[PDB]
Structures are given as C-alpha cells and as structure tokens.
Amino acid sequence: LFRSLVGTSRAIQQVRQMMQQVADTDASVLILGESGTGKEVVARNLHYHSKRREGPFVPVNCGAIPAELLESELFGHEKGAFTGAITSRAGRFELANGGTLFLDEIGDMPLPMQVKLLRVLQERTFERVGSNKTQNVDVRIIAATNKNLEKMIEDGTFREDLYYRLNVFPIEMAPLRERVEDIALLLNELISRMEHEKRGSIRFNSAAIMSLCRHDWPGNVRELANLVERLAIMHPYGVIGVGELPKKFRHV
C-alpha cells in the first residue's frame, strides 16, 4: 500500500501535519526535494488517505518517456493517429480517472505537455491523440520535483501559468543532512523492512551511527537504504562498527 514517514525532526513532523491537511482535499500537491527524500512516499500516503484512496495510483515518469510518444503516453490514442498505431491506448490520464496521477519530476515535462497539463487542471478535459472526442477526466494531481521551478520559469523552460496552478499546496522534503537526528530511526525502519522480507539483518553500534550522522548523503534516504542492504550482505547478522563502514562513510 504505502509506508510511513519515519522521523522526529521538526521538518518531518511538519510534513506529516501538512499531509493530513491536504490529503482528503482535492488540491494539487507539489512535493519538492532532492532525490531519495521520500517524495513518492509522501505522494502514496496522500493518495491512500484521500477521497480517492480506493482509486488507482498512476505514476508518470516525466524524465523517461520519449517526447515522440509522450503526448500519446499521457492522453492515449485512437488507432490511425500515427504510424504503427495498431493497438490503442488509454493514456496515463484516462487510466488514472477517479484516482491520483503522480507526475514524478514535473521539471522534466516538455513545454508542449505543460500546456496540455494546464488544460486538465483548468478545463478537466483532454483530447486523445488525433481525436476530437473531448473526454472529461477526473484525477487528482500530485507532482514532484528536485528542480528549481521558479528559476525554470525565468529560463523559460517552465510555464508560470502551470506553476501557479500546480503549486497550490507545496510540501518541501528536507535533505537527510538537515535531519540527521532521524538517521537512527530511519536505520531501524530500513533494517526492520529487511528482516520482514527475509533479506538479512544487521545493527549499527553508536560509533557507526555517529559517523553516518556526519555523512552528506547526496543520495539521501535511498543511499542510506543502499548502504544498509550492502552491509547486510557483507556482514550478515553482524554488528556494524566504524571499521565495517566503507571509507567514504567514515567521519571521525
């Protein structure tokens, strides 16, 4: 379903309270933060605590999709619309109807698609590729990004009108290095996940934890999770001390 946002930091306690406020509303939510800072966790929780909780949760990875197939991927197509179209699609939007659409890295959505997304947010309608059957769509938008959208507006790479439409309820995720007090609790959570799934077990002694609390965590919680996995393989059911950490994680 959805996992919980572990932590005792002021910043994370804020996020939970903001989540509870906006969740069972239909406001568009924009979640900002570095890679691996729990942005999808926040999005999934928002959904399953929402009026749409029994509806579908439909991700769109704005980075991945090739722009040639992008409009098609998001809005579907009747067959004939272009080449090779001999089986048809409802787009990610139609698939999300009565549910939540999670736009992962909205900063990577190309300008022409930003315009079409604004239409959905405004007119709540859309066109399948090559069609004129203006179908209506009933989705809640949650978007996430690690980019500086306001700068992109200035650069002309992101639309101001879309921005103000999407950024009704922003939620900022603090990077791990700004919430180091949470690292021990995160470890406990990550190790407990690992045990539940028969994938191993470790624990960290206080020396190791101190050193981890001084790490920069450019990959944030996903990097933290990666280190836990690796240490469980190298030292199964072992205790991790400063010496068992890789050199880049030692800070003494």
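Position 1 is the first residue in the sequence shown; the rest follow in order.
K.L.:
Averaging the C-alpha B factors as listed in the entry, name the stretch that ends up higher: 77-85 or 102-110.
P.N.:
77-85 has the higher mean C-alpha B-factor.
K.L.:
If you average the CA temperature factors as listed in the entry, which stretch comes out higher, 136-144 or 86-94?
P.N.:
The stretch with the larger mean CA B-factor is 86-94.
K.L.:
Using the entry's values, work out which of 177, 165, 124, 159 has the largest Cα B factor.
P.N.:
Among 177, 165, 124, 159, the highest C-alpha B-factor in the entry belongs to 124.
K.L.:
Per the entry, which of 216, 40, 197, 34 tops the list for Cα B factor?
P.N.:
When the deposited C-alpha B-factors of 216, 40, 197, 34 are compared, 197 is largest.
K.L.:
Relative to the other modelled residues of the same chain, rank the CA B-factor of residue 222 and answer lowest, middle or highest third.
P.N.:
For residue 222, whose C-alpha B-factor we compare with every modelled residue in the chain, the answer is the lowest third.
K.L.:
Residue 193's Cα B-factor: lowest, middle or highest third of the chain?
P.N.:
According to the entry, residue 193 has a C-alpha B-factor in the chain's middle third.
K.L.:
Check where residue 16 lands among this chain's C-alpha B-factors and tell me if it's the lowest, middle or highest third.
P.N.:
Answer is middle: the recorded C-alpha B-factor places it there.
K.L.:
Among all modelled residues of this chain, ranked by Cα B factor, put residue 201 in the bottom, middle or top third, i.e. lowest, middle or highest.
P.N.:
Within its chain, residue 201 is a highest-third residue by C-alpha B-factor, going by the deposited values.
K.L.:
Thinking about Cα B factors across the chain, which third does residue 69 belong to?
P.N.:
Answer is highest: the recorded C-alpha B-factor places it there.
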